[PDB]
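*Asks:* This is the structure I have questions about; it appears just below.
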Amino acid sequence: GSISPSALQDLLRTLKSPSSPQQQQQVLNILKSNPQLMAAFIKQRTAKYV
Amino acid sequence: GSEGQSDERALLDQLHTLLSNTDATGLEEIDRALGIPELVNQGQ
């Protein structure tokens, strides 16, 4: 039932992170932990929504 | 109680609004590093 705020915390950290390049590294960290989520990465709507 | 791509994306979705004004390539850098297609072989 639903998911803990932990995942969202780290995840949101990426989209919420600054415009710095180092922040991007934080993304790979989350994805590395969430494989089933890696799928959505394929669409990368975020990148196509800039 | 293990899978994601739901709660996180749900909330982060709105926050993504900033990503659209952060850096296009910025998010494309880590992407390629992982491999759009390669990320498809994360099954069983």
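First residue shown is number 1, and so on along the chain.
We read in the header that solution NMR was used to get this structure.
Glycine residues also receive a Cβ, built from the backbone N, Cα and C atoms like all the rest.
Pasting the feature list from Swiss-Prot:
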MOD_RES   A:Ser4  phosphoserine
MOD_RES   A:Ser17  phosphoserine
MOD_RES   A:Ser20  phosphoserine
*Asks:* 10 Å Cβ neighbour count around A:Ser17 (phosphoserine)?
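*Replies:* Result for A:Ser17 (phosphoserine): 19 neighbouring Cβ atoms inside 10 Å.
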*Asks:* Measuring CB to CB from A:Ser4 (phosphoserine), give everything in the same chain under 8 Å that is also at least six residues away in sequence.
*Replies:* none
*Asks:* What is the number of other Cβ atoms found within 10 Å of the Cβ of A:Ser20 (phosphoserine)?
*Replies:* 11
*Asks:* So, three-state DSSP: helix, strand or coil for A:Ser4 (phosphoserine)?
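*Replies:* Where A:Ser4 (phosphoserine) sits, the three-state DSSP reduction gives coil.
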